[PDB]
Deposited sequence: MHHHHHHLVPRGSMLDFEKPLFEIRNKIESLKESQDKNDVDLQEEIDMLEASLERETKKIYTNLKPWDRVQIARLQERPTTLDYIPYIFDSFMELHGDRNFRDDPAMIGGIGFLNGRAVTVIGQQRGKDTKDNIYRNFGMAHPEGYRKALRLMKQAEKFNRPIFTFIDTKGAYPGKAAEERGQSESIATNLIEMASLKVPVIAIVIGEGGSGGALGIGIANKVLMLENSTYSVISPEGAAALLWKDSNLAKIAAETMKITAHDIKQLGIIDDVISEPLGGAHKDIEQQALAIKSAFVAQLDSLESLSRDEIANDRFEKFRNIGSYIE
């Protein structure tokens, strides 16, 4: 039970009819008027659906592929090949972990450099065979570890940025969880970017911004709101292409329905790129990122 659902916990207690109908009204009211910090908590739920949750509903004959051909197969970054309505595609993304034991195995969807290098290898495979690429962003951030630094965390991300920049196939990214800074952008240099309405995209965690700007990490909520990290915020800035609705209560309430909405958005976004050649697709991505930022001349 989240904090903002306390009204419904109070109302559901003076039931264990008029109240019944109110409770339903109050549920719809709360979930149709979510505040930024409410959305952040929905994004951070253990049961927030993962990349491997959605794939079977969206793609056919998905085959998971492992490794960076260099060091390790990173459990936090998955990928493979499949079909989208008969069109061969590559799919990559961070994999959070469905339960507690799984969270440790998946390192909470926090990739090591080997994870980024694996993503890159799979994207270069897609490019060679002219397959569109779909990426699922779902990470609180790249892993801030000792071994991650030794193995070139920064380099692995930075290389993905410049290699994704000039990819000659369509790339479509969607944030399905948190969008943790450079670690999210490391598989986010796409022609089109989507976000679930309750997903986030931030240059730094709200807790991190709070501790730095106000020296109090308990002001995370204000930091979140001031940075404007919600899907609708990012869309207002023209940085993402579309916001995808979630079922009432959040994506975890109906994975199948959520997946069908994602699939539909994938199709529409990919279709908008249909007429572009290999060189034009890369140039399209160039123009997208080159023109982000506001400044006074």
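So which bits of the deposited chain never got modelled? Counting from residue 1, the stretches without coordinates are 1-13, 30-46.
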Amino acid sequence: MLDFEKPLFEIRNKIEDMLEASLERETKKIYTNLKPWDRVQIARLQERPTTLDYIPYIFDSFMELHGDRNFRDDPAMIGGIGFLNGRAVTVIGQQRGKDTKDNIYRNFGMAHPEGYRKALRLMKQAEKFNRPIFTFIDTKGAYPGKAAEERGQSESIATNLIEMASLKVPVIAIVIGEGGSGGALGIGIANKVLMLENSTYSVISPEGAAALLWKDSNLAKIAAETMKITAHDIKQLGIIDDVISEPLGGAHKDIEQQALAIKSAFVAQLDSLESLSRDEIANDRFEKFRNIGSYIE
From here on, numbers count along this sequence of modelled residues.
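With respect to the recorded C-alpha B factors, which stretch has the higher mean value, 193-201 or 116-124? Per the PDB entry, the higher value belongs to 193-201.
Mean C-alpha temperature factor, higher of 28-36 and 52-60: According to the PDB entry, the answer is 28-36.
Most elevated Cα B-factor in the entry, residues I81, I133, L185, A220: Checking the PDB record, the top C-alpha B-factor among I81, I133, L185, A220 is at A220.
Divide the modelled residues of the chain into thirds by Cα B-factor and specify which third, lowest, middle or highest, holds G93. Answer is lowest: the recorded C-alpha B-factor places it there.
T100 - which third its CA temperature factor falls in, relative to the rest of the chain: Tercile = highest for this residue's CA B-factor.
Would you check the entry's CA temperature factor for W214 and let me know if it's in the chain's lowest, middle or highest third? Highest third of the chain for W214's C-alpha B-factor.
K253 by Cα B-factor - lowest, middle or highest third of the modelled chain: It falls in the top third of the chain.
Among the modelled residues of its chain, does the C-alpha B-factor of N70 lie in the lowest, middle or highest third? Lowest third.
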